[PDB]
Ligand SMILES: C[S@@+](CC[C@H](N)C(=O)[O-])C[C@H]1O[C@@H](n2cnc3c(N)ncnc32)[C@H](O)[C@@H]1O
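Heads up, the chain below is alone and in the form deposited without this ligand; it's given as structure tokens.
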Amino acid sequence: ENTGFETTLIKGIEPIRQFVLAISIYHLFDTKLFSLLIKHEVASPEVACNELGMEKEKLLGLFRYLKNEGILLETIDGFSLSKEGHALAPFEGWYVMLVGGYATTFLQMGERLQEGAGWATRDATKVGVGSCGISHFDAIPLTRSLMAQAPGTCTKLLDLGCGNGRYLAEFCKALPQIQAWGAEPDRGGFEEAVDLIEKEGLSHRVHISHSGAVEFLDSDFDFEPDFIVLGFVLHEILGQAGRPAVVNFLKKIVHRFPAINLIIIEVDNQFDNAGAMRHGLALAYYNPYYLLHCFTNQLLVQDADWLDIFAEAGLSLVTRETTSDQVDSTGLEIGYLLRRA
């Protein structure tokens, strides 16, 4: 008879309902429909189609789906973002990083679980673009706070793994004397960085290279930085190349630039910490982030493990801070300001 089945089904597939909604919100941002709705206020499918080069019947389908979920309103004049839709605006970076960048990674987990199946791949351009959007709220303010605590003033900034160059665009706008260099290994991300720097009118002060971190430090670049920022880059090197390679990379930075100030941002691996994992943001963001990092060739370690790598590399801790508790109060995102020992 299946007595009471429907009520259990509606609850049982609530993760699928939200799965489709998350992908649909990601497309709303990524296709530039969200920005179109912000600019137009109300747009007919015909107007949105003409502007973005889209097909009306498919756009109507997406719009009707979002209207049923309350993200859009529909009037005789067309569609608009509802208050709930407008409220999604600050979270674009998270949708672009985790859906755009990592949907394929999560979908590959079943196959990648097999012995010898290798690491899950990702869309590194979207990971970089999304992570740079997120960084406006957490990592850039943390980097700024640590930079201000350093004894020397920043004049020549090097950002390795710069994504779309958001840290450099923000820092250079705020601090007009700075000359900067960024390196980004993903071609798509590198091209977005070159474009963002040009759009911000910073091309005369900021140069971007298409390069990985280790290979950039081995290259024959002429820059003499006094600050180097390593935002979530060391855990990539640690997984890909190993702990000796991370220690050697850090040793090379202070051998080449003995007076340099290093700012490292890392995620403390507390995936196995009961209390930490009950925090709302630990569940919403860090639990999927830790899962991705078991399937990709990156390795997250604990705060104590990073401090031990820094000591082995001959670095001294100046200060360590976490993000503002107004944005992320988990204590899992840690920033370190270091100097040569």
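The numbering used is simple: start at 1 and walk along the sequence shown.
Stretch comparison (95-103 versus 177-185) by mean CA B-factor in the PDB entry places 177-185 on top. Comparing 229-237 with 70-78, the stretch with the higher mean C-alpha B-factor in the PDB entry is 70-78.
Comparing C-alpha B-factors across 83, 136, 205, 210 in the deposited entry, the largest value falls on 205. Each of 284, 291, 274, 301 has a CA temperature factor in the record; the biggest one is found at 274. Sort the modelled residues of the chain by CA B factor and residue 309 lands in the lowest third.
In the PDB entry, residue 61 places in the middle third of its chain by CA B-factor. In the PDB entry, residue 40 places in the highest third of its chain by CA B-factor. Ranked against the other modelled residues of its chain, the C-alpha B-factor of residue 266 as given in the entry falls in the lowest third. In the PDB entry, a CA B factor belonging to the middle third of its chain's modelled residues is recorded for residue 337.
Just so you know, the form solved in complex with this ligand exists too; it's not on screen, but the next bit is about it.
Residues within 4.5 angstroms of this ligand in the deposited bound form, judged by any non-hydrogen atom, belong to 160-168 and to none of the other stretches in 160-168, 219-227, 173-181, 192-200. In the deposited bound form, at least one heavy atom of residue 237 sits within 4.5 Å of this ligand. Using a 4.5 Å cutoff between non-hydrogen atoms, residue 85 does not count as a contact of this ligand in the deposited bound form.
This ligand is not shown here, but in the deposited bound form it comes within 4.5 Å of a heavy atom of residue 132. Under a 4.5 angstroms non-hydrogen atom cutoff, this ligand in the deposited bound form has residue 231 among its neighbouring residues. This chain is drawn without this ligand; in the deposited bound form, the residue among 154, 72, 120, 213 with a heavy atom within 4.5 Å of it is 213.
Residues 184, 185, 186 are the members of 178-197 with a non-hydrogen atom no more than 4.5 angstroms from this ligand in the deposited bound form.
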